[PDB]
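Before any comments, here is the structure.
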Amino acid sequence: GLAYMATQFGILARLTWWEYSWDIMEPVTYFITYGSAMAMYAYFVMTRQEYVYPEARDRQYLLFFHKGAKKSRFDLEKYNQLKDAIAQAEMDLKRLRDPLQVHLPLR
Amino acid sequence: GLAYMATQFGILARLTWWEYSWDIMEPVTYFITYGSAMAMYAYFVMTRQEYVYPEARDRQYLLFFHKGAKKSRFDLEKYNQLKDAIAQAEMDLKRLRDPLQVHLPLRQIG
Amino acid sequence: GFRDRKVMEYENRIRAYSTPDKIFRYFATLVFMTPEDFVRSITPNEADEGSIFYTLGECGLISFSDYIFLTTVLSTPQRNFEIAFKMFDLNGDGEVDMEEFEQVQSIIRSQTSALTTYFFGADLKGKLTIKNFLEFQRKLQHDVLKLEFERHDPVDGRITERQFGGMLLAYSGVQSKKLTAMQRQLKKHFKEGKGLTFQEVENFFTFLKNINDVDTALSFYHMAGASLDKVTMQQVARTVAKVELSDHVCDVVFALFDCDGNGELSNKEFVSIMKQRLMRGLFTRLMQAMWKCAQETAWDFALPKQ
Amino acid sequence: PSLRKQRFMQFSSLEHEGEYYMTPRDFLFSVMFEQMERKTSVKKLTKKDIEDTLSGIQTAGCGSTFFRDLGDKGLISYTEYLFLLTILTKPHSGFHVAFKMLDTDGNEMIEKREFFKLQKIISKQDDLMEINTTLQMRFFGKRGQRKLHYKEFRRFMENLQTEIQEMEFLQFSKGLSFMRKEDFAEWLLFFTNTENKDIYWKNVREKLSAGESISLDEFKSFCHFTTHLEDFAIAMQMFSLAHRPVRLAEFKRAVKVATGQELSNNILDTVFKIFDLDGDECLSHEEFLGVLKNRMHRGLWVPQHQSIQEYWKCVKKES
Amino acid sequence: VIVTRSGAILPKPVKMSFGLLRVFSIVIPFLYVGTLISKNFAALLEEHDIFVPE
Ligand SMILES: CCCCCCCCCCCCCCCCCC(=O)OC[C@H](COP(=O)([O-])OCC(O)COP(=O)([O-])OC[C@@H](COC(=O)CCCCCCCCCCCCCCCCC)OC(=O)CCCCCCCCCCCCCCCCC)OC(=O)CCCCCCCCCCCCCCCCC
Ligand SMILES: CCCCCCCCCCCCCCCCC[C@@H](O)O[C@H](CO[C@H](O)CCCCCCCCCCCCCCC)COP(=O)(O)OCC[N+](C)(C)C
Ligand SMILES: CCCCCCCCCCCCCCCCC[C@@H](O)O[C@H](CO[C@H](O)CCCCCCCCCCCCCCC)COP(=O)(O)OCC[N+](C)(C)C
Ligand SMILES: [Ca+2]
């Protein structure tokens, strides 16, 4: 995406000074800006969430991960079950070792 | 940053109304705007944060603090592990208010 | 047209620099040359019955050595050309034989049916003298100048002051990118002016060609911090170049060149340019330019005396 | 006070009514010596001093020797200083042009009104920021009504040039009438614009003979060639094309035909023994022409503080 | 924020190794590539007598 922004800068700045004039290229730039706004709105229409950089990156990463997990026959369900049961067991062990209560001797 | 914004404003105004006409200085402004829009995206690419004023200020403050603390050889690790223990002991004191003042059962951890 | 524009720019650039063999190879037929192609090669960004080129057109295709000799006869001033002729003549008698001329023209053949029929007869015998030599000099120079004049579309046998200024600035191949603004301003500065008849520009061009002596003739103005002037230019052109100049031509040259000054036209303004351009005999287009610019800038900056 | 006027007042010896003047001895020192240390101080003048100084021209020889003959009893102002300084480096075939330039043709000769015009040029250039000199007394009579023809002008200029050549010859020959080839070698190498004379000194140590002499007429002829070097190079540019190094015989013929100063075989042999960097018997125009480029030798200082500008241009153009 | 729920300080922000160099090694070459694209397209359009500025 960064390289695309750079090449657009270059392809627009080459024309307005060397080949054509600004009197020709100004409306092209305005319509490019308005098309960018329309695309940023269509992104929300399609994905049901506003287009911001970190959220879009996270959405793309989640899609990539859930495609790679299916391509490799990974078991996400058992992984999530274990990751929740570990937290539950750690909470139980931390509650049973409460210093304020006498669930256990002083050890 | 504020001074630089003002300086750019002044440069563009002086070169627009006195030396060169606006027909020459409009593309310069457009490409400055586009370059700013591109730099605000490179910032996110290379820092994994969106370019917002308070977040950028906090990140820069943290970098300045973690450099001034290395220059002064300040035991930041001990400071953090000592400020977390006061927090733990006060949360414990806050928990101990129920069974000792209002005779209610103690609240669990969390 | 952008592509034809860059084509003509590259042709003009290769004409300006690296001339001797590159240009001759750049313009040919199908290894020789033709007169109209020679005329094309000597004019930037671009059958007679009365011209010299007609005589060569009747003759066989021009050789490379002939091309070099033509460049030198176009370049050198009159007195230096007379000296060069005296050096051409090996024997004692003041007449160049075909054999000695053949030797001094073959001396240029380094990459290893000519103009001789104009100098010698069809038998290649008739030796010429200094008078015919200088006559050919003058004829060729006046002819190329007439062709350049008529190439600029004339009105009533006359040429707009802006066109004459453009031709002048084109003669000295210096792209200041700022003197062009003076060229453009000359029109309104001379709003509804004269037409600059051919004889006026002819006299001014012969004077400019004979500037190597003009420089040393006004040497007292140098070495004294002096600057030129209208009347002094009139006088030095009348004495050295031995030709008159109308006040209008000196006026338009002053208006074109005296930019920094206030009508004085010091050495660095006008005379130095032509004196340097007459010595042409002795991305890459950025390094040297920038270097020279930076050198000049540093010199001007350090210019703060002791 | 421009650089030239600063040099003039530095080498001057007389002042009068707040105007520095100069004697022929000081002019000769300014021509041949780059810097002079004046042990004494300047002195003022009166009309009696003016006459005591001008009493020399009446018994002075108008021949080839004129300045050393005058010695110290002479008077030269700034304008005549600049005029003579331009005469020093003026080549032949410019004499008649310079003469016709010094007069608007209302006078076929030169009356003192034209030198007054020269002084007026100087004063106009100065201000836009009475006193008889020796040179005027030589050209024009004591009364001031004297015509100066062209032949006398040419004679005077030739005499001045030859006098300067004799002065430099006697200054480099220590008094003897036959200077050693080494003195001519060092005189040439003085004004050459190179940074390492070591190769030329090696050449004169190895190739040049241990003992050999140079006359006076040969030195004068070589000096006249040096002052016509520009026309000589214009004539030689055709030969420089195709990059053909020139031998000795063609060099001699060319200098004879382009400058009218025929050189001897000794000077040419010597200059080819000093300047032939390569191993061939003759070398191209490159070293001799490009290296012997200034010709601003023999005083004629151009001190536009070109030290730092020269260093900057070296750092820039060196590639 | 510059402190945690307690008084502790946040860890140091993780910077990217040679970030500015890594971004200017991408911006400039693609800028020149876009310049070349524009030049070639303008030349192709003008050669075939489609759009000529003047
Ligand atoms: C055909 C025609 C077209 C041609 C045009 C072509 C161009 C168009 C395309 C443009 C698109 C470019 C987009 C990319 C740039 C954006 C990158 C970016 O924002 O990164 C975010 C990045 C994220 O930061 P971070 O990762 O959190 O760490 C940042 C720090 O604060 C630093 O760490 P720290 O904690 O040590 O920080 C200390 C502190 C203070 O600084 C320090 O003390 C730190 C530096 C000390 C060095 C110590 C470490 C060194 C190790 C280096 C790091 C590794 C590699 C990087 C270094 C290599 C550099 C090449 O830092 C700061 O103050 C940061 C602010 C910097 C502001 C400086 C801007 C100067 C501009 C001056 C204006 C002109 C003046 C007028 C003059 C008047 C004339 C008379 O921020 C920076 O890196 C800031 C530096 C970038 C400068 C600001 C914006 C750049 C604007 C673009 C200018 C382009 C030139 C225009 C030319 C015009 C045409 C001829
Ligand atoms: C498997 C390998 C894949 C190889 C693919 C390589 C090429 C893919 C890259 C193509 C582009 C994709 C990334 C597009 C990001 C550049 C667009 C954006 O960064 O530029 C904006 C210009 O926008 C663009 O011109 C049009 C945007 C249209 C949105 C396209 C949807 C992208 C879907 C894919 C998302 C991929 C992650 C994107 C990371 C952010 C800046 O203009 P600005 O005015 O200041 O917008 C303000 C942004 N705000 C609102 C958040 C502050
Ligand atoms: C030892 C310290 C010495 C420091 C000496 C240097 C002092 C100057 C250093 C640079 C100061 C940077 C501060 C911010 C620069 C100007 C403010 C800039 O953000 O203004 C924008 C113009 O942008 C700039 O011209 C280019 C942006 C480049 C961003 C990268 C800068 C590098 C980050 C440096 C980190 C410190 C930043 C501190 C910010 C508080 C306005 O355009 P806008 O239309 O409203 O865009 C929307 C802004 N949103 C998204 C937040 C709403
Ligand atoms: Ca507009």
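Every chain in the structure tokens takes a letter, A first, then B, and so on in the order presented; its residues are numbered from 1, and the ligands are numbered from 1 following the presented order.
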At most 7 Å from ligand 2 (only C-alpha atoms and all ligand atoms): residue list as a count of residues only:
18
What residues of the protein or nucleic acid chains come within 10 Å of ligand 3 when you use only C-alpha atoms and all ligand atoms? Reply as a ChimeraX atom specification.
/B:1-6,8,32-44,47,50-61,64
Could the residues in this selection be written to a file with N, CA and C atoms, as an mmCIF file, in the first residue's frame?
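Okay, this is what ended up in out.cif:
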data_model
loop_
_atom_site.group_PDB
_atom_site.id
_atom_site.type_symbol
_atom_site.label_atom_id
_atom_site.label_comp_id
_atom_site.auth_asym_id
_atom_site.auth_seq_id
_atom_site.Cartn_x
_atom_site.Cartn_y
_atom_site.Cartn_z
ATOM 1 N N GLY B 1 6.759 21.856 16.495
ATOM 2 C CA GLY B 1 5.820 21.491 15.448
ATOM 3 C C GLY B 1 4.888 22.631 15.085
ATOM 4 N N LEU B 2 4.378 23.335 16.095
ATOM 5 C CA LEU B 2 3.547 24.502 15.804
ATOM 6 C C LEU B 2 4.336 25.572 15.055
ATOM 7 N N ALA B 3 5.578 25.819 15.477
ATOM 8 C CA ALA B 3 6.404 26.811 14.800
ATOM 9 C C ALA B 3 6.676 26.417 13.354
ATOM 10 N N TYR B 4 6.866 25.125 13.093
ATOM 11 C CA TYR B 4 7.114 24.689 11.725
ATOM 12 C C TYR B 4 5.875 24.851 10.856
ATOM 13 N N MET B 5 4.698 24.531 11.398
ATOM 14 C CA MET B 5 3.467 24.778 10.652
ATOM 15 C C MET B 5 3.342 26.251 10.288
ATOM 16 N N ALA B 6 3.599 27.134 11.255
ATOM 17 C CA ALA B 6 3.520 28.564 10.981
ATOM 18 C C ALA B 6 4.538 28.987 9.927
ATOM 19 N N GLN B 8 5.793 27.179 7.462
ATOM 20 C CA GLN B 8 5.344 26.746 6.142
ATOM 21 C C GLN B 8 4.216 27.631 5.627
ATOM 22 N N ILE B 32 2.355 18.968 -1.400
ATOM 23 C CA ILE B 32 2.687 19.001 0.020
ATOM 24 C C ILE B 32 1.605 18.301 0.828
ATOM 25 N N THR B 33 0.338 18.551 0.491
ATOM 26 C CA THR B 33 -0.757 17.870 1.175
ATOM 27 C C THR B 33 -0.682 16.362 0.974
ATOM 28 N N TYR B 34 -0.417 15.923 -0.255
ATOM 29 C CA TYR B 34 -0.340 14.487 -0.499
ATOM 30 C C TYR B 34 0.858 13.862 0.206
ATOM 31 N N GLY B 35 1.984 14.571 0.258
ATOM 32 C CA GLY B 35 3.131 14.055 0.980
ATOM 33 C C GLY B 35 2.869 13.939 2.467
ATOM 34 N N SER B 36 2.130 14.894 3.032
ATOM 35 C CA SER B 36 1.739 14.776 4.432
ATOM 36 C C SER B 36 0.827 13.576 4.643
ATOM 37 N N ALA B 37 -0.116 13.362 3.724
ATOM 38 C CA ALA B 37 -1.002 12.208 3.837
ATOM 39 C C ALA B 37 -0.229 10.902 3.746
ATOM 40 N N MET B 38 0.848 10.881 2.965
ATOM 41 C CA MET B 38 1.665 9.678 2.841
ATOM 42 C C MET B 38 2.562 9.474 4.057
ATOM 43 N N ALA B 39 3.073 10.559 4.637
ATOM 44 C CA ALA B 39 3.901 10.428 5.830
ATOM 45 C C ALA B 39 3.076 9.975 7.025
ATOM 46 N N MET B 40 1.824 10.429 7.116
ATOM 47 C CA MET B 40 0.966 9.971 8.200
ATOM 48 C C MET B 40 0.639 8.489 8.086
ATOM 49 N N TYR B 41 0.803 7.897 6.906
ATOM 50 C CA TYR B 41 0.622 6.462 6.738
ATOM 51 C C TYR B 41 1.911 5.690 6.972
ATOM 52 N N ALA B 42 3.043 6.239 6.531
ATOM 53 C CA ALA B 42 4.324 5.618 6.847
ATOM 54 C C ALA B 42 4.556 5.568 8.349
ATOM 55 N N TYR B 43 4.087 6.585 9.074
ATOM 56 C CA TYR B 43 4.175 6.569 10.530
ATOM 57 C C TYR B 43 3.492 5.336 11.102
ATOM 58 N N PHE B 44 2.279 5.041 10.638
ATOM 59 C CA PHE B 44 1.578 3.860 11.124
ATOM 60 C C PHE B 44 2.280 2.585 10.689
ATOM 61 N N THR B 47 5.388 2.330 13.094
ATOM 62 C CA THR B 47 5.199 2.335 14.540
ATOM 63 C C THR B 47 3.997 1.526 15.003
ATOM 64 N N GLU B 50 -1.795 4.446 14.942
ATOM 65 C CA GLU B 50 -2.347 5.503 14.112
ATOM 66 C C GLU B 50 -1.843 6.858 14.588
ATOM 67 N N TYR B 51 -1.591 7.755 13.639
ATOM 68 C CA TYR B 51 -1.014 9.047 13.973
ATOM 69 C C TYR B 51 -2.041 9.958 14.625
ATOM 70 N N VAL B 52 -2.156 9.884 15.943
ATOM 71 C CA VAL B 52 -3.008 10.777 16.713
ATOM 72 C C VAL B 52 -2.110 11.613 17.610
ATOM 73 N N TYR B 53 -2.543 12.840 17.899
ATOM 74 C CA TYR B 53 -1.697 13.758 18.663
ATOM 75 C C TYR B 53 -1.353 13.228 20.050
ATOM 76 N N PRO B 54 -2.314 12.863 20.908
ATOM 77 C CA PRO B 54 -1.927 12.422 22.256
ATOM 78 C C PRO B 54 -1.109 11.144 22.263
ATOM 79 N N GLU B 55 -1.410 10.196 21.376
ATOM 80 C CA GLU B 55 -0.641 8.957 21.346
ATOM 81 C C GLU B 55 0.793 9.208 20.906
ATOM 82 N N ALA B 56 0.986 10.058 19.897
ATOM 83 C CA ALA B 56 2.340 10.395 19.475
ATOM 84 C C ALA B 56 3.092 11.116 20.583
ATOM 85 N N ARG B 57 2.418 12.027 21.284
ATOM 86 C CA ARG B 57 3.072 12.727 22.382
ATOM 87 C C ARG B 57 3.479 11.763 23.488
ATOM 88 N N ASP B 58 2.609 10.810 23.822
ATOM 89 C CA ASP B 58 2.938 9.848 24.869
ATOM 90 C C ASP B 58 4.084 8.940 24.451
ATOM 91 N N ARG B 59 4.100 8.505 23.192
ATOM 92 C CA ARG B 59 5.199 7.667 22.728
ATOM 93 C C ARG B 59 6.522 8.419 22.783
ATOM 94 N N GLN B 60 6.526 9.681 22.353
ATOM 95 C CA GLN B 60 7.764 10.449 22.397
ATOM 96 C C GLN B 60 8.203 10.715 23.831
ATOM 97 N N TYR B 61 7.252 10.984 24.726
ATOM 98 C CA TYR B 61 7.601 11.160 26.130
ATOM 99 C C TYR B 61 8.208 9.892 26.705
ATOM 100 N N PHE B 64 11.761 9.549 25.494
ATOM 101 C CA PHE B 64 12.646 10.486 26.176
ATOM 102 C C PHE B 64 12.916 10.038 27.605
#
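Distance check against chain A using only C-alpha atoms: of E:35, E:44, E:54, E:49, the minimum falls on E:35.
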So that I can see what lies close to residue 51 of chain E, please list as a ChimeraX atom specification the residues with an atom at most 12 Å from it, counting only C-alpha atoms and leaving out residues fewer than 4 positions away in the same chain.
/A:19-20,24 /C:1-2 /E:41-47
Do you know which residues are within 12 Å of ligand 4 using only C-alpha atoms and all ligand atoms? Can you write them as a compact mmCIF listing (two decimals) with C-alpha atoms, in the first residue's frame?
# COMPACT_ATOMS: atom_id res chain seq x y z
CA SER A 21 0.02 21.40 -17.32
CA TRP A 22 -1.79 21.86 -14.03
CA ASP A 23 -4.80 23.29 -15.88
CA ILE A 24 -5.28 19.76 -17.25
CA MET A 25 -4.32 17.65 -14.23
CA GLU A 26 -6.16 19.46 -11.42
CA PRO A 27 -9.61 17.90 -12.04
CA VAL A 28 -8.00 14.47 -12.36
CA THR A 29 -6.54 14.90 -8.88
CA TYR A 30 -9.85 16.11 -7.46
CA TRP B 22 -0.93 31.24 -7.54
CA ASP B 23 -1.03 29.44 -10.90
CA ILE B 24 2.55 28.38 -10.15
CA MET B 25 2.09 27.68 -6.43
CA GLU B 26 -1.06 25.54 -6.49
CA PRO B 27 0.62 22.23 -7.46
CA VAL B 28 3.23 22.75 -4.75
CA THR B 29 0.48 22.94 -2.14
CA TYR B 30 -1.35 19.92 -3.53
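Among the residues of chain E, backbone DSSP assigns helix (DSSP H, G or I) to residues 19, 20, 21, 22, 23, 24, 25, 26, 27, 28, 29, 30, 31, 32, 33, 34, 35, 36, 37, 38, 39, 40, 41, 42, 43, 44, 45, 46 and 47 of chain E.
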Please write the residues from the selection above to a file, keeping N, CA, C and O atoms, as a tab-separated table (two decimals), in the first residue's frame.
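The result, written out as out.tsv:
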chain	number	residue	atom	x	y	z
E	19	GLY	N	14.06	2.13	10.51
E	19	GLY	CA	12.73	2.40	9.98
E	19	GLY	C	12.74	3.42	8.86
E	19	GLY	O	12.19	3.19	7.78
E	20	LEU	N	13.38	4.57	9.10
E	20	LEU	CA	13.37	5.64	8.10
E	20	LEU	C	14.11	5.21	6.84
E	20	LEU	O	13.68	5.53	5.72
E	21	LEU	N	15.21	4.49	6.99
E	21	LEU	CA	15.90	3.96	5.82
E	21	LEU	C	15.03	2.94	5.09
E	21	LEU	O	14.97	2.94	3.85
E	22	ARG	N	14.34	2.08	5.84
E	22	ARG	CA	13.51	1.06	5.21
E	22	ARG	C	12.31	1.67	4.48
E	22	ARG	O	11.80	1.06	3.54
E	23	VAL	N	11.86	2.85	4.90
E	23	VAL	CA	10.74	3.49	4.22
E	23	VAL	C	11.21	4.33	3.03
E	23	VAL	O	10.53	4.39	2.00
E	24	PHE	N	12.37	4.97	3.14
E	24	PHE	CA	12.88	5.73	2.01
E	24	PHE	C	13.52	4.84	0.96
E	24	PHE	O	13.77	5.31	-0.15
E	25	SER	N	13.79	3.58	1.27
E	25	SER	CA	14.20	2.62	0.26
E	25	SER	C	13.03	2.05	-0.52
E	25	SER	O	13.24	1.29	-1.47
E	26	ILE	N	11.80	2.38	-0.13
E	26	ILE	CA	10.60	1.96	-0.84
E	26	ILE	C	9.93	3.13	-1.54
E	26	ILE	O	9.40	2.98	-2.64
E	27	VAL	N	9.95	4.31	-0.92
E	27	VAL	CA	9.25	5.45	-1.48
E	27	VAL	C	9.88	5.89	-2.80
E	27	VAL	O	9.20	6.06	-3.81
E	28	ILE	N	11.20	6.06	-2.81
E	28	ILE	CA	11.90	6.68	-3.94
E	28	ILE	C	11.91	5.79	-5.19
E	28	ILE	O	11.56	6.28	-6.27
E	29	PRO	N	12.30	4.51	-5.11
E	29	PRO	CA	12.31	3.71	-6.35
E	29	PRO	C	10.94	3.58	-6.99
E	29	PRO	O	10.82	3.67	-8.22
E	30	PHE	N	9.89	3.39	-6.19
E	30	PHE	CA	8.55	3.34	-6.76
E	30	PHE	C	8.11	4.70	-7.29
E	30	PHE	O	7.34	4.77	-8.25
E	31	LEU	N	8.59	5.78	-6.69
E	31	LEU	CA	8.34	7.11	-7.24
E	31	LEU	C	8.90	7.22	-8.65
E	31	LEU	O	8.22	7.67	-9.58
E	32	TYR	N	10.15	6.79	-8.83
E	32	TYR	CA	10.75	6.82	-10.16
E	32	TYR	C	10.06	5.87	-11.12
E	32	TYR	O	9.93	6.17	-12.31
E	33	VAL	N	9.58	4.72	-10.62
E	33	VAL	CA	8.84	3.79	-11.47
E	33	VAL	C	7.55	4.43	-11.96
E	33	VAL	O	7.18	4.30	-13.13
E	34	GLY	N	6.84	5.12	-11.07
E	34	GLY	CA	5.65	5.84	-11.49
E	34	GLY	C	5.95	6.93	-12.50
E	34	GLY	O	5.19	7.15	-13.45
E	35	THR	N	7.07	7.63	-12.31
E	35	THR	CA	7.48	8.63	-13.29
E	35	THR	C	7.68	7.99	-14.67
E	35	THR	O	7.23	8.52	-15.69
E	36	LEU	N	8.36	6.84	-14.70
E	36	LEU	CA	8.57	6.15	-15.97
E	36	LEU	C	7.25	5.71	-16.60
E	36	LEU	O	7.07	5.84	-17.81
E	37	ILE	N	6.34	5.18	-15.78
E	37	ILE	CA	5.03	4.77	-16.29
E	37	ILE	C	4.33	5.95	-16.94
E	37	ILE	O	3.79	5.84	-18.05
E	38	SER	N	4.33	7.09	-16.26
E	38	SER	CA	3.66	8.27	-16.79
E	38	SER	C	4.29	8.73	-18.09
E	38	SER	O	3.59	9.07	-19.05
E	39	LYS	N	5.63	8.75	-18.15
E	39	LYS	CA	6.30	9.18	-19.37
E	39	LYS	C	5.96	8.27	-20.53
E	39	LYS	O	5.64	8.75	-21.63
E	40	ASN	N	6.02	6.96	-20.32
E	40	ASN	CA	5.75	6.03	-21.41
E	40	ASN	C	4.30	6.11	-21.87
E	40	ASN	O	4.02	6.05	-23.07
E	41	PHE	N	3.36	6.27	-20.94
E	41	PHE	CA	1.96	6.37	-21.34
E	41	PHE	C	1.69	7.66	-22.10
E	41	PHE	O	0.96	7.66	-23.09
E	42	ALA	N	2.28	8.77	-21.65
E	42	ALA	CA	2.09	10.03	-22.37
E	42	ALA	C	2.68	9.95	-23.77
E	42	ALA	O	2.08	10.43	-24.74
E	43	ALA	N	3.86	9.33	-23.90
E	43	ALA	CA	4.47	9.19	-25.22
E	43	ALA	C	3.62	8.30	-26.12
E	43	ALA	O	3.43	8.61	-27.30
E	44	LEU	N	3.10	7.19	-25.59
E	44	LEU	CA	2.26	6.31	-26.39
E	44	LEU	C	0.99	7.02	-26.83
E	44	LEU	O	0.53	6.84	-27.96
E	45	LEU	N	0.41	7.84	-25.95
E	45	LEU	CA	-0.81	8.55	-26.30
E	45	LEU	C	-0.55	9.62	-27.35
E	45	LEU	O	-1.36	9.82	-28.26
E	46	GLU	N	0.57	10.33	-27.26
E	46	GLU	CA	0.83	11.40	-28.21
E	46	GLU	C	1.30	10.87	-29.56
E	46	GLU	O	1.11	11.54	-30.58
E	47	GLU	N	1.96	9.68	-29.56
E	47	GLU	CA	2.48	9.16	-30.82
E	47	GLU	C	1.35	8.78	-31.77
E	47	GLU	O	1.43	9.01	-32.98
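The list of chain D residues within 7 Å of chain C is residues 83, 86, 94, 97, 98, 101, 125, 235, 242, 254, 257, 258, 309, 312, 313, 316 and 317 of chain D; this uses only C-alpha atoms.
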Near chain E, which residues of chain A fall within 7 Å when you count only C-alpha atoms, and what do they look like as a PyMOL selection string?
chain A and resi 3+6-11+14-15+20
Can you measure atom CA of residue 44 of chain C to atom CA of residue 17 of chain C for me? One decimal in Å is fine.
12.6 Å
Neighbours of chain B in chain E at 7 Å, counting only C-alpha atoms, as a VMD selection string
chain E and resid 1 to 2 6 to 9 12 to 13 15 to 16 19
Selection to disk with N, CA and C atoms, as a CSV table (one decimal), in the first residue's frame:
chain,number,residue,atom,x,y,z
E,1,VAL,N,-1.2,7.2,27.5
E,1,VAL,CA,-0.9,7.1,28.9
E,1,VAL,C,0.5,6.8,29.1
E,2,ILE,N,1.1,7.2,30.2
E,2,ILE,CA,2.5,7.1,30.6
E,2,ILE,C,2.7,6.3,31.8
E,6,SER,N,-1.2,1.2,38.6
E,6,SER,CA,-0.3,1.7,39.7
E,6,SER,C,0.6,2.8,39.2
E,7,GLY,N,1.6,3.1,40.0
E,7,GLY,CA,2.5,4.2,39.5
E,7,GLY,C,3.6,3.7,38.6
E,8,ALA,N,3.6,2.5,38.2
E,8,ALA,CA,4.7,2.0,37.3
E,8,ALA,C,4.7,2.6,36.0
E,9,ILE,N,5.8,2.6,35.3
E,9,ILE,CA,6.0,3.2,34.0
E,9,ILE,C,5.8,2.2,32.9
E,12,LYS,N,9.4,0.5,27.2
E,12,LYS,CA,9.8,1.3,26.2
E,12,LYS,C,9.2,1.0,24.9
E,13,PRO,N,8.8,2.0,24.1
E,13,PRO,CA,8.1,1.7,22.8
E,13,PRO,C,9.1,1.0,21.8
E,15,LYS,N,10.8,0.2,18.7
E,15,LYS,CA,11.0,0.8,17.5
E,15,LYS,C,11.4,-0.2,16.4
E,16,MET,N,11.3,0.2,15.2
E,16,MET,CA,11.6,-0.7,14.0
E,16,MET,C,13.1,-0.4,13.6
E,19,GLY,N,14.1,2.1,10.5
E,19,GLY,CA,12.7,2.4,10.0
E,19,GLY,C,12.7,3.4,8.9
Need the shell around residue 95 of chain A: protein/DNA/RNA residues with any atom at most 12 Å away, counting only C-alpha atoms. Skip same-chain ones fewer than 5 positions apart. Format as a compact mmCIF listing (two decimals) with N, CA, C and O atoms, in the first residue's frame?
# COMPACT_ATOMS: atom_id res chain seq x y z
N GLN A 88 -8.97 -20.74 33.59
CA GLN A 88 -9.89 -21.09 34.67
C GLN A 88 -9.16 -21.81 35.80
O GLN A 88 -9.38 -21.51 36.98
N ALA A 89 -8.29 -22.76 35.46
CA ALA A 89 -7.56 -23.49 36.49
C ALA A 89 -6.59 -22.59 37.23
O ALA A 89 -6.40 -22.73 38.44
N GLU A 90 -5.95 -21.67 36.52
CA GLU A 90 -5.05 -20.72 37.18
C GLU A 90 -5.82 -19.81 38.13
O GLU A 90 -5.34 -19.51 39.22
N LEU A 100 -5.42 -14.01 52.55
CA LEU A 100 -6.38 -13.52 53.52
C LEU A 100 -7.23 -14.62 54.13
O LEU A 100 -7.80 -14.42 55.21
N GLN A 101 -7.34 -15.77 53.48
CA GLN A 101 -8.14 -16.87 53.97
C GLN A 101 -7.24 -18.02 54.40
O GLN A 101 -6.03 -18.01 54.19
N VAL A 102 -7.86 -19.04 55.00
CA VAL A 102 -7.11 -20.14 55.60
C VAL A 102 -7.39 -21.44 54.87
O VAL A 102 -7.39 -22.52 55.47
N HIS A 103 -7.62 -21.36 53.55
CA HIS A 103 -7.84 -22.55 52.76
C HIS A 103 -6.69 -23.54 52.87
O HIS A 103 -6.88 -24.75 52.69
N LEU A 104 -5.49 -23.06 53.15
CA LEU A 104 -4.30 -23.88 53.27
C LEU A 104 -3.52 -23.45 54.50
O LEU A 104 -3.66 -22.31 54.96
N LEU B 106 -15.90 -11.96 52.52
CA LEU B 106 -14.80 -11.38 51.77
C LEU B 106 -14.98 -11.60 50.28
O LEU B 106 -15.43 -12.66 49.84
N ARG B 107 -14.62 -10.59 49.49
CA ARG B 107 -14.67 -10.69 48.04
C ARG B 107 -13.48 -11.47 47.51
O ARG B 107 -12.35 -11.29 47.97
N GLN B 108 -13.73 -12.34 46.54
CA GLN B 108 -12.67 -13.17 45.98
C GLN B 108 -11.72 -12.32 45.15
O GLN B 108 -11.96 -11.14 44.87
N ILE B 109 -10.62 -12.94 44.73
CA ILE B 109 -9.62 -12.26 43.91
C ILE B 109 -10.20 -12.06 42.51
O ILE B 109 -10.36 -13.01 41.75
N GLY B 110 -10.50 -10.81 42.17
CA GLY B 110 -11.05 -10.49 40.87
C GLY B 110 -12.55 -10.29 40.87
O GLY B 110 -13.07 -9.43 41.59
For residue 96 of chain D, list every protein, DNA or RNA residue within 9 Å, evaluated using only C-alpha atoms, and leave out those in the same chain fewer than 5 positions away; present the list as a PDB file with N, CA and C atoms, in the first residue's frame.
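Ended up saving to around_28.pdb:
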ATOM      1  N   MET D 101      43.012  54.538 -32.222  1.00  0.00           N
ATOM      2  CA  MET D 101      42.046  54.568 -31.136  1.00  0.00           C
ATOM      3  C   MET D 101      42.283  55.763 -30.228  1.00  0.00           C
ATOM      4  N   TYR D 150      52.371  58.852 -36.025  1.00  0.00           N
ATOM      5  CA  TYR D 150      52.249  57.433 -35.720  1.00  0.00           C
ATOM      6  C   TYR D 150      53.608  56.749 -35.682  1.00  0.00           C
ATOM      7  N   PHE D 153      55.165  57.099 -32.410  1.00  0.00           N
ATOM      8  CA  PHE D 153      54.458  56.263 -31.448  1.00  0.00           C
ATOM      9  C   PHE D 153      54.943  54.821 -31.517  1.00  0.00           C
ATOM     10  N   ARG D 154      55.038  54.280 -32.731  1.00  0.00           N
ATOM     11  CA  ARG D 154      55.516  52.913 -32.899  1.00  0.00           C
ATOM     12  C   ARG D 154      56.953  52.768 -32.419  1.00  0.00           C
TER      13      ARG D 154
END
